[PDB]
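Have a look at the structure below, then the notes.
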2 protein chains.
Amino acid sequence: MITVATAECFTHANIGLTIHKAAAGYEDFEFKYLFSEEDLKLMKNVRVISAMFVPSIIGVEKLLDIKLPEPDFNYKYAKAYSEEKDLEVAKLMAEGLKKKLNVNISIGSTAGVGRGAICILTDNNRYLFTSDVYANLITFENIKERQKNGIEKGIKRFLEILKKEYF
Amino acid sequence: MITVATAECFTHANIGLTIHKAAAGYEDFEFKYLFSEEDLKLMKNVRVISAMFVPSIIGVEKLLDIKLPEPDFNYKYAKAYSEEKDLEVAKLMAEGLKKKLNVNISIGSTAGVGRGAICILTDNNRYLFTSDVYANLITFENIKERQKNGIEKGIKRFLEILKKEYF
C-alpha cells in the first residue's frame, strides 16, 4: 500500500484523517467533496500509519526525535511561529516523520501568525506551500478559515501529487 | 499546566482535539456542548501535547516504543481487535504515551469489533471503560455511532476525572 503519515497542527490532523476515511472507503466524510470518484478508487491503495496533532514543540520533538526552532510568540496552547518558521517547521516535521515511520508520503502542517505551511514529502519530492488564508493563532483571527483552507489545499495537493507520482 | 496526550484510533483523535479546543478557549467546537462555562475555566489549565490517530500497529509501536498484540482480524486500514485486546491496547497506549511524553493525563482509545475501549491514565489512577455501542470496524456497522459515543464518553469521563483529581 502507499503509506502516509501526518504531523499536523493548524489542520488538526484532518488532512490525515480525511486521507484515512477516503482510503478506508467511508461513504461520507467532511472533505469527501475534494475527491473525484476515480480518486476514491485510487485512495483504496493508501494506508495511514498515523495522523498526529502535535501543537507542542516538546511533543513534536520527542515523538520525531528532532529539534524545532524557538517559538516566535508566547502562547500557552501551541507553538506559535511566524510564517517563516512555520515553513521551516512543516519541512522539519515532514522530514522527521518520514524517517521515523518510513512512510511513502509524510505531511507536516503548522500555522501560527500568517498563512501557515504544509509540507508534503514523498519518496520523490518535497512540496511546501502556505495556505491561502492569513490568520493568527493567538487572537483567533481567521483561524477557522485558515484551518479549512489548509485542509482543502493540503488534500487537493496531496491528491494531485499522489496521482502524478504514484499513479 | 496539566498536560494531556492521547493516542486514539476509533475516536479519531477527537478526544484530544476537543480537550485542546476547550483548553485554548475556542468559542465553537463540535463537543463544546459537553462543557459548562465553569468546566471551560478549568480547562484553561490544561495543555495538549499531542493527540494522535494511530490506526497502525507499527505506527503505535514506533511512536510510543511499545509492543501491541497481534490483530484479531485481517484489515488493511487499521489494526482490528476484538474487545479483549482493545481493552489491553487502550491501556498499553495510555501507558506508553504517559512514558513517552511525560504528561499528567494520557488517553488511549481503540475499537475493532465490539464496544471498544478507552483508557484514561492520570498521575494517580487508571480508568478503563468500553463505549456503549457495539460496532465493527471492518463492516462499518455502527462505526459512526460508536465513534461519537466514545468521544462523548471519553470527554465526560475526562472531565469527571480532571475535576476529582486536579480540582
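Descriptive notes on the structure:
- Highest average packing first - B:30-40, A:89-99, Cβ atoms within 10 Å: A:89-99, B:30-40
- Under 5 Å from the amide H of B:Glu8 lie the amide H atoms of B:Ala13, B:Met52, B:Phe53, B:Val54, B:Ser109, each residue being 5 or more positions distant or on a separate chain, with H modelled from the backbone and absent for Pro and chain starts.
- Angle in degrees between helix A:14-23 and the longest Cα principal axis of chain A, rounded to the nearest 10: 10 degrees
- Environment charge of A:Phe140, counting only residues whose C-beta is closer than 12 Å and scoring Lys/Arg +1, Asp/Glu -1: -1
- Charged neighbours of A:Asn102, selected by a Cβ distance under 14 Å, balance to +1 (K, R count +1; D, E count -1).
- Less than 5 angstrom separates the built amide H of B:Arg115 from those of B:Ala135, all sequence-distant by 5 or more or on a different chain.
- Length released on extending from A:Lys99 to A:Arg126, taking residue separation times 0.36 nm less the Cα-Cα span: 8.4 nm
- Out-of-range pairs (alpha-carbon distance over 31 Å; input A:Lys98/B:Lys156; A:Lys76/B:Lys164; A:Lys156/B:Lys44; A:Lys163/B:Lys79; A:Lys156/B:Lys153; A:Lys44/A:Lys144): A:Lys98/B:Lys156; A:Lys156/B:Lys44; A:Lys156/B:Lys153
- Net charge over other residues, Cβ less than 10 angstrom from the Cβ of B:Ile151 (K, R count +1; D, E count -1): +1
- Computed 3J(HN,Hα) for the range A:58-70, one whole-Hz value per residue from the Karplus formula 6.51 cos²θ - 1.76 cosθ + 1.60 where θ = phi - 60°, is 5, x, 4, 5, 5, 7, 10, 6, 10, 10, 9, x, 5, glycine and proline marked x.
- Taking the charge dipole of the protein assembly as shown about its Cα centre, with +1 at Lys and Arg Cβ atoms and -1 at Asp and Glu Cβ atoms, the residue from B:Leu17, A:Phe73, B:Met43 reaching farthest to the positive side is A:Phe73.
- Using a 7 Å Cα-to-Cβ projection, B:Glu165 label spacings across copies, nm, ascending: 4.1
- Each other copy places its own label point for A:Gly25 at 4.7 nm from this one, sorted shortest first, where the point lies 7 Å along the Cα-to-beta carbon line.
- Calculated FRET value between B:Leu40 and A:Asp28, using beta carbons and R₀ = 35 Å, to 0.05: 0.70
- Chain A - share of DSSP beta bridges that are antiparallel (%, nearest 5): 50 percent
- Taking other Cβ atoms within 10 Å as a rough exposure proxy, A:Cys9, A:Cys119 sort from fewest to most as A:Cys119, A:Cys9.
- Label spacing, shortest first and in nm, from A:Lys99 to its equivalents in the remaining copies (7 angstrom along Cα→Cβ): 2.4
- Euclidean distance of C-alpha centroids, the range B:103-144 and the range B:17-56, integer Å: 18 Å
- When you restrict to C-alpha pairs under 8 Å that are six or more residues apart and normalise by the size of chain A, the relative contact order lands at 24 percent.
- Closest-to-axis residue of chain B (Cβ criterion, axis taking B to A), whole Å: B:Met52, 2
Using ideal geometry, Cβ is built from the backbone for each residue, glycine included, and neighbour counts are taken over all protein chains shown. Rule-based calculations on the coordinates, nothing more; no lab input.
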